[PDB]
$ cat target_5.csv   # CSV, C-alpha atoms
chain,number,residue,atom,x,y,z
A,1,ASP,CA,-21.4,-64.2,-1.5
A,2,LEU,CA,-19.3,-61.2,-0.5
A,3,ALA,CA,-20.7,-58.0,0.9
A,4,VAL,CA,-23.2,-57.9,3.7
A,5,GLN,CA,-24.1,-54.3,4.5
A,6,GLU,CA,-27.9,-54.5,4.2
A,7,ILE,CA,-30.4,-51.7,4.5
A,8,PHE,CA,-33.8,-51.5,6.1
A,9,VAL,CA,-36.7,-49.1,5.4
A,10,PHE,CA,-40.1,-48.3,6.8
A,11,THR,CA,-43.4,-47.4,5.1
A,12,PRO,CA,-45.9,-44.7,6.2
A,13,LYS,CA,-48.2,-47.7,7.0
A,14,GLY,CA,-45.7,-49.1,9.5
A,15,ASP,CA,-44.5,-52.1,7.5
A,16,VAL,CA,-40.8,-52.7,7.1
A,17,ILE,CA,-38.9,-53.5,3.9
A,18,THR,CA,-35.3,-54.7,3.6
A,19,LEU,CA,-33.2,-53.4,0.8
A,20,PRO,CA,-29.5,-53.7,-0.3
A,21,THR,CA,-27.0,-50.8,0.0
A,22,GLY,CA,-27.7,-48.2,-2.6
A,23,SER,CA,-31.4,-48.9,-2.9
A,24,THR,CA,-33.2,-46.3,-4.9
A,25,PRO,CA,-36.9,-45.3,-4.7
A,26,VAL,CA,-37.6,-47.2,-7.9
A,27,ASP,CA,-36.8,-50.5,-6.2
A,28,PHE,CA,-38.9,-49.7,-3.1
A,29,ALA,CA,-41.8,-48.5,-5.3
A,30,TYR,CA,-41.7,-51.6,-7.4
A,31,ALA,CA,-41.6,-53.7,-4.3
A,32,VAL,CA,-44.6,-52.0,-2.7
A,33,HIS,CA,-46.7,-50.8,-5.6
A,34,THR,CA,-46.0,-52.5,-9.0
A,35,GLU,CA,-47.6,-49.4,-10.6
A,36,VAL,CA,-45.4,-46.8,-8.8
A,37,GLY,CA,-42.3,-48.9,-9.5
A,38,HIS,CA,-43.2,-49.4,-13.2
A,39,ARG,CA,-43.7,-45.7,-13.8
A,40,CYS,CA,-42.4,-43.9,-10.6
A,41,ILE,CA,-42.7,-40.1,-10.8
A,42,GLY,CA,-41.9,-38.8,-7.4
A,43,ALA,CA,-40.9,-39.9,-3.9
A,44,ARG,CA,-40.8,-38.5,-0.3
A,45,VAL,CA,-38.5,-39.4,2.6
A,46,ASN,CA,-39.6,-38.8,6.1
A,47,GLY,CA,-42.4,-36.5,4.9
A,48,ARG,CA,-39.9,-34.6,2.8
A,49,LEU,CA,-39.9,-34.5,-1.0
A,50,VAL,CA,-37.1,-36.3,-2.9
A,51,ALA,CA,-36.0,-37.1,-6.4
A,52,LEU,CA,-36.1,-40.6,-8.0
A,53,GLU,CA,-32.3,-40.6,-8.0
A,54,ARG,CA,-32.1,-39.9,-4.3
A,55,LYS,CA,-30.7,-42.9,-2.4
A,56,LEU,CA,-33.1,-44.4,0.1
A,57,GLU,CA,-32.2,-44.0,3.8
A,58,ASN,CA,-32.1,-46.9,6.3
A,59,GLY,CA,-34.9,-46.6,8.8
A,60,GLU,CA,-36.4,-43.5,7.1
A,61,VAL,CA,-39.9,-43.4,5.8
A,62,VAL,CA,-39.7,-43.9,2.0
A,63,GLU,CA,-42.6,-42.7,-0.2
A,64,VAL,CA,-43.2,-43.2,-3.9
A,65,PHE,CA,-45.9,-42.1,-6.3
A,66,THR,CA,-46.5,-42.8,-10.0

$ encode --input "target_5.csv" --output "structure tokens"
Amino acid sequence: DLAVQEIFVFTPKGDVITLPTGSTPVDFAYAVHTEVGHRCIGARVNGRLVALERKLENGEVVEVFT
């Protein structure tokens, strides 16, 4: 019940995905591509490369690849 600070992200396609504070690429990947999420290898934020442990940014373009 507590908490509230929610996060929002955008995909290269234009779609928008809502995620809770501290949302990692793994969650986003699994949400979008079941394969990527299942065995995520890399991710890119706003065209830039990032690690799987890198926290997802709100409004930024999140990318993930198995």

$ residues_around --input "target_5.csv" --residues "residue 55 in chain A" --least-positions-apart "2" --cutoff "8 Å" --atoms "all atoms listed in the file" --output "short mmCIF file (atom, residue, chain, number, x, y, z; two decimals) with C-alpha atoms, keeping the file's coordinate frame"
data_model
loop_
_atom_site.label_atom_id
_atom_site.label_comp_id
_atom_site.auth_asym_id
_atom_site.auth_seq_id
_atom_site.Cartn_x
_atom_site.Cartn_y
_atom_site.Cartn_z
CA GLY A 22 -27.70 -48.20 -2.60
CA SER A 23 -31.40 -48.90 -2.90
CA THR A 24 -33.20 -46.30 -4.90
CA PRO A 25 -36.90 -45.30 -4.70
CA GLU A 53 -32.30 -40.60 -8.00
CA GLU A 57 -32.20 -44.00 3.80
#

$ closest_residue --input "target_5.csv" --among "A:3, A:45, A:51, A:17" --to "residue 31 in chain A" --atoms "only C-alpha atoms"
A:17

$ residues_near_point --input "target_5.csv" --point "(-42.2, -38.8, -0.8)" --cutoff "9 Å" --atoms "only C-alpha atoms" --output "number ranges by chain"
A: 42-51, 61-65

$ closest_residue --input "target_5.csv" --among "A:59, A:66, A:41, A:35" --to "residue 14 in chain A" --atoms "all atoms listed in the file"
A:59

$ atom_distance --input "target_5.csv" --atom1 "CA of residue 4 in chain A" --atom2 "CA of residue 32 in chain A"
23.1 Å

$ residues_around --input "target_5.csv" --residues "range 18-21 of chain A" --least-positions-apart "3" --cutoff "8 Å" --atoms "all atoms listed in the file" --output "list in words"
residues 5, 6, 7, 8, 9 and 28 of chain A

$ atom_distance --input "target_5.csv" --atom1 "CA of residue 36 in chain A" --atom2 "CA of residue 58 in chain A"
20.1 Å

$ atom_distance --input "target_5.csv" --atom1 "CA of residue 16 in chain A" --atom2 "CA of residue 38 in chain A"
20.7 Å

$ residues_around --input "target_5.csv" --residues "residue 26 in chain A" --least-positions-apart "4" --cutoff "7 Å" --atoms "only C-alpha atoms" --output "ChimeraX atom specification"
/A:30,37,40,52

$ decode --input "target_5.csv" --residues "chain A" --atoms "C-alpha atoms" --output "PDB file, in the first residue's frame"
ATOM      1  CA  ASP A   1       0.000   0.000   0.000  1.00  0.00           C
ATOM      2  CA  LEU A   2       2.800   2.403   0.927  1.00  0.00           C
ATOM      3  CA  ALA A   3       5.181   3.913  -1.626  1.00  0.00           C
ATOM      4  CA  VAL A   4       4.015   5.578  -4.844  1.00  0.00           C
ATOM      5  CA  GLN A   5       7.083   6.841  -6.722  1.00  0.00           C
ATOM      6  CA  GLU A   6       6.437   5.107 -10.046  1.00  0.00           C
ATOM      7  CA  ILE A   7       8.655   5.177 -13.129  1.00  0.00           C
ATOM      8  CA  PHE A   8       7.866   5.409 -16.835  1.00  0.00           C
ATOM      9  CA  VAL A   9       9.982   4.310 -19.789  1.00  0.00           C
ATOM     10  CA  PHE A  10       9.899   4.517 -23.575  1.00  0.00           C
ATOM     11  CA  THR A  11      10.817   2.008 -26.274  1.00  0.00           C
ATOM     12  CA  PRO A  12      12.634   2.692 -29.590  1.00  0.00           C
ATOM     13  CA  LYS A  13       9.329   1.811 -31.258  1.00  0.00           C
ATOM     14  CA  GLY A  14       7.574   4.625 -29.410  1.00  0.00           C
ATOM     15  CA  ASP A  15       5.528   2.567 -26.954  1.00  0.00           C
ATOM     16  CA  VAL A  16       5.559   3.418 -23.250  1.00  0.00           C
ATOM     17  CA  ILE A  17       6.111   1.005 -20.360  1.00  0.00           C
ATOM     18  CA  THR A  18       5.533   1.809 -16.689  1.00  0.00           C
ATOM     19  CA  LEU A  19       7.920   0.363 -14.110  1.00  0.00           C
ATOM     20  CA  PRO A  20       8.442   0.744 -10.324  1.00  0.00           C
ATOM     21  CA  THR A  21      11.384   2.631  -8.827  1.00  0.00           C
ATOM     22  CA  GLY A  22      14.605   0.667  -9.204  1.00  0.00           C
ATOM     23  CA  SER A  23      13.484  -1.103 -12.368  1.00  0.00           C
ATOM     24  CA  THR A  24      16.387  -2.926 -14.006  1.00  0.00           C
ATOM     25  CA  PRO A  25      16.767  -3.814 -17.729  1.00  0.00           C
ATOM     26  CA  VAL A  26      15.937  -7.431 -16.890  1.00  0.00           C
ATOM     27  CA  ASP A  27      12.377  -6.488 -15.943  1.00  0.00           C
ATOM     28  CA  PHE A  28      11.904  -4.281 -19.005  1.00  0.00           C
ATOM     29  CA  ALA A  29      13.292  -6.990 -21.283  1.00  0.00           C
ATOM     30  CA  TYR A  30      11.067  -9.704 -19.817  1.00  0.00           C
ATOM     31  CA  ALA A  31       8.103  -7.347 -20.135  1.00  0.00           C
ATOM     32  CA  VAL A  32       8.798  -6.602 -23.792  1.00  0.00           C
ATOM     33  CA  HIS A  33      10.612  -9.661 -25.127  1.00  0.00           C
ATOM     34  CA  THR A  34      10.210 -12.849 -23.101  1.00  0.00           C
ATOM     35  CA  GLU A  35      13.416 -14.136 -24.696  1.00  0.00           C
ATOM     36  CA  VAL A  36      15.513 -11.064 -23.894  1.00  0.00           C
ATOM     37  CA  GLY A  37      14.248 -11.076 -20.322  1.00  0.00           C
ATOM     38  CA  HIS A  38      14.797 -14.809 -19.895  1.00  0.00           C
ATOM     39  CA  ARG A  39      18.429 -14.559 -20.998  1.00  0.00           C
ATOM     40  CA  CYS A  40      19.262 -10.851 -21.194  1.00  0.00           C
ATOM     41  CA  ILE A  41      22.848 -10.178 -22.271  1.00  0.00           C
ATOM     42  CA  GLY A  42      23.021  -6.452 -22.961  1.00  0.00           C
ATOM     43  CA  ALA A  43      21.029  -3.228 -22.856  1.00  0.00           C
ATOM     44  CA  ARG A  44      21.209   0.300 -24.259  1.00  0.00           C
ATOM     45  CA  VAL A  45      19.833   3.544 -22.830  1.00  0.00           C
ATOM     46  CA  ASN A  46      19.077   6.475 -25.137  1.00  0.00           C
ATOM     47  CA  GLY A  47      21.246   4.914 -27.833  1.00  0.00           C
ATOM     48  CA  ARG A  48      24.078   4.389 -25.353  1.00  0.00           C
ATOM     49  CA  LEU A  49      25.327   1.008 -24.134  1.00  0.00           C
ATOM     50  CA  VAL A  50      24.669  -0.065 -20.549  1.00  0.00           C
ATOM     51  CA  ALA A  51      25.102  -3.012 -18.195  1.00  0.00           C
ATOM     52  CA  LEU A  52      22.333  -5.319 -16.987  1.00  0.00           C
ATOM     53  CA  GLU A  53      22.832  -3.930 -13.480  1.00  0.00           C
ATOM     54  CA  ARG A  54      22.324  -0.354 -14.701  1.00  0.00           C
ATOM     55  CA  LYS A  55      19.130   1.135 -13.267  1.00  0.00           C
ATOM     56  CA  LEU A  56      16.551   2.060 -15.906  1.00  0.00           C
ATOM     57  CA  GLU A  57      15.881   5.771 -16.390  1.00  0.00           C
ATOM     58  CA  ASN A  58      12.403   7.310 -16.402  1.00  0.00           C
ATOM     59  CA  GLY A  59      11.524   8.637 -19.844  1.00  0.00           C
ATOM     60  CA  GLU A  60      14.747   7.374 -21.389  1.00  0.00           C
ATOM     61  CA  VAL A  61      14.825   4.848 -24.224  1.00  0.00           C
ATOM     62  CA  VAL A  62      15.533   1.436 -22.724  1.00  0.00           C
ATOM     63  CA  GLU A  63      17.001  -1.286 -24.929  1.00  0.00           C
ATOM     64  CA  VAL A  64      17.680  -4.960 -24.247  1.00  0.00           C
ATOM     65  CA  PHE A  65      19.100  -7.872 -26.229  1.00  0.00           C
ATOM     66  CA  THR A  66      19.531 -11.554 -25.391  1.00  0.00           C
TER      67      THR A  66
END
